[PDB]
Amino acid sequence: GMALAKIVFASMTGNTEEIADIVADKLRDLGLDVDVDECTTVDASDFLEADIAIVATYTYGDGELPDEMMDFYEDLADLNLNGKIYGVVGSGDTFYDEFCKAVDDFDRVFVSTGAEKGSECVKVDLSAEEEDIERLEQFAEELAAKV
């Protein structure tokens, strides 16, 4: 394939899963091999094997990580991912005044590992509309371009 992308997601009410899937589908159409897994089913260290690492996450309450993301975040923060390209996407809402703060938190943890951000993070309000789909597709196409 063009390269190997590993997308890890957390999703409570399905929006973030759907977003992960949109990104995965464009990457597959561009010729990459892609794995798409819920965060409870993989290890952060599996990222060592990939060329592109992506986290798709919702945000829980007052700007927290998903409960199920806490262990994955810890494991990821302890890795050295020099030479990997990353990106971060997610769904959120404004009810807790911390819209997609988990997306920002995962951007920072990736910076700390030495990986390089390949495209601007994509934050979606609740479910994806076609305008959000376009943004996600441009994100995937920019990562593909960088290889």
# chains A, B, ... in the order shown; residues from 1 in each chain; ligands from 1
$ residues_around --residues "residue 98 in chain A" --least-positions-apart "2" --cutoff "12 Å" --atoms "only C-alpha atoms" --output "ChimeraX atom specification"
/A:58-65,91-96,100-105,123,125
$ select_by_dssp --residues "chain A" --states "strand (DSSP E)" --output "PyMOL selection string"
chain A and resi 4-9+33-38+52-56+85-92+116-117+122-125
$ residues_around --residues "residue 55 in chain A" --least-positions-apart "4" --cutoff "8 Å" --atoms "only C-alpha atoms" --output "ChimeraX atom specification"
/A:7-9,87-89,106
$ write_last_selection --atoms "N, CA and C atoms" --output "short mmCIF file (atom, residue, chain, number, x, y, z; two decimals), in the first residue's frame"
data_model
loop_
_atom_site.label_atom_id
_atom_site.label_comp_id
_atom_site.auth_asym_id
_atom_site.auth_seq_id
_atom_site.Cartn_x
_atom_site.Cartn_y
_atom_site.Cartn_z
N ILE A 7 -5.65 4.30 13.02
CA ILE A 7 -6.61 5.24 13.60
C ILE A 7 -7.18 4.63 14.87
N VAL A 8 -7.07 5.33 15.99
CA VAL A 8 -7.59 4.84 17.27
C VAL A 8 -8.67 5.79 17.70
N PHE A 9 -9.84 5.26 18.04
CA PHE A 9 -10.97 6.10 18.38
C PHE A 9 -11.59 5.77 19.75
N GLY A 87 -2.16 13.01 13.24
CA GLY A 87 -3.25 13.96 13.26
C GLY A 87 -4.28 13.59 14.29
N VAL A 88 -5.10 14.57 14.63
CA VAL A 88 -6.13 14.39 15.67
C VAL A 88 -7.45 14.99 15.22
N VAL A 89 -8.51 14.23 15.39
CA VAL A 89 -9.86 14.71 15.10
C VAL A 89 -10.83 14.41 16.24
N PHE A 106 -4.77 15.64 23.07
CA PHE A 106 -4.08 14.58 22.29
C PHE A 106 -3.10 15.19 21.30
#
$ atom_distance --atom1 "CA of residue 79 in chain A" --atom2 "CA of residue 30 in chain A"
28.2 Å
$ residues_around --residues "range 131-145 of chain A" --least-positions-apart "2" --cutoff "6 Å" --atoms "only C-alpha atoms" --output "JSON, numbers by chain"
{"A": [23, 118, 119, 128, 129, 147]}
$ write_last_selection --atoms "N, CA and C atoms" --output "PDB file, in the first residue's frame"
ATOM      1  N   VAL A  23     -12.418   9.374   7.774  1.00  0.00           N
ATOM      2  CA  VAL A  23     -10.994   9.534   7.510  1.00  0.00           C
ATOM      3  C   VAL A  23     -10.371   8.255   6.952  1.00  0.00           C
ATOM      4  N   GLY A 118       0.784  16.356  10.759  1.00  0.00           N
ATOM      5  CA  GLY A 118       0.694  16.432   9.306  1.00  0.00           C
ATOM      6  C   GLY A 118      -0.393  17.352   8.756  1.00  0.00           C
ATOM      7  N   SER A 119      -1.394  17.702   9.566  1.00  0.00           N
ATOM      8  CA  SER A 119      -2.534  18.509   9.126  1.00  0.00           C
ATOM      9  C   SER A 119      -3.223  19.095  10.348  1.00  0.00           C
ATOM     10  N   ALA A 128     -21.407  14.680  12.030  1.00  0.00           N
ATOM     11  CA  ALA A 128     -20.772  15.280  10.842  1.00  0.00           C
ATOM     12  C   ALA A 128     -21.798  15.573   9.772  1.00  0.00           C
ATOM     13  N   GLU A 129     -21.749  16.785   9.237  1.00  0.00           N
ATOM     14  CA  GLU A 129     -22.518  17.193   8.059  1.00  0.00           C
ATOM     15  C   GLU A 129     -21.539  17.181   6.906  1.00  0.00           C
ATOM     16  N   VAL A 147       3.022  11.425   3.479  1.00  0.00           N
ATOM     17  CA  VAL A 147       3.419  10.052   3.335  1.00  0.00           C
ATOM     18  C   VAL A 147       3.689   9.379   4.683  1.00  0.00           C
TER      19      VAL A 147
END
$ select_by_dssp --residues "chain A" --states "helix (DSSP H, G or I)" --output "PyMOL selection string"
chain A and resi 15-29+39-41+44-49+67-77+101-112+130-146
$ residues_around --residues "residue 12 in chain A" --least-positions-apart "3" --cutoff "9 Å" --atoms "only C-alpha atoms" --output "ChimeraX atom specification"
/A:15-17,58,66
$ residues_around --residues "range 32-49 of chain A" --least-positions-apart "3" --cutoff "7 Å" --atoms "only C-alpha atoms" --output "list in words"
residues 1, 2, 3, 4, 5, 6, 7, 8, 9, 10, 24, 27, 28, 53, 68, 69, 72, 75, 76 and 81 of chain A
$ write_last_selection --atoms "C-alpha atoms" --output "JSON list (two decimals), in the first residue's frame"
[["chain", "number", "residue", "atom", "x", "y", "z"],
["A", 1, "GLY", "CA", 0.00, 0.00, 0.00],
["A", 2, "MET", "CA", 0.83, 3.72, -0.11],
["A", 3, "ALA", "CA", 1.73, 3.54, 3.65],
["A", 4, "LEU", "CA", 0.16, 2.14, 6.92],
["A", 5, "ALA", "CA", -2.20, 4.45, 8.95],
["A", 6, "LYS", "CA", -3.50, 3.35, 12.48],
["A", 7, "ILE", "CA", -6.61, 5.24, 13.60],
["A", 8, "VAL", "CA", -7.59, 4.84, 17.27],
["A", 9, "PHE", "CA", -10.97, 6.10, 18.38],
["A", 10, "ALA", "CA", -13.15, 6.58, 21.46],
["A", 24, "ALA", "CA", -10.21, 5.80, 7.15],
["A", 27, "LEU", "CA", -7.10, 7.01, 3.22],
["A", 28, "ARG", "CA", -8.10, 3.60, 1.81],
["A", 53, "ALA", "CA", -0.89, 7.75, 13.78],
["A", 68, "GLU", "CA", -11.29, 4.59, 28.35],
["A", 69, "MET", "CA", -8.66, 6.98, 26.85],
["A", 72, "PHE", "CA", -4.06, 4.90, 26.21],
["A", 75, "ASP", "CA", 0.94, 4.82, 27.38],
["A", 76, "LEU", "CA", 1.22, 7.16, 24.40],
["A", 81, "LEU", "CA", 7.48, 8.49, 17.93]]
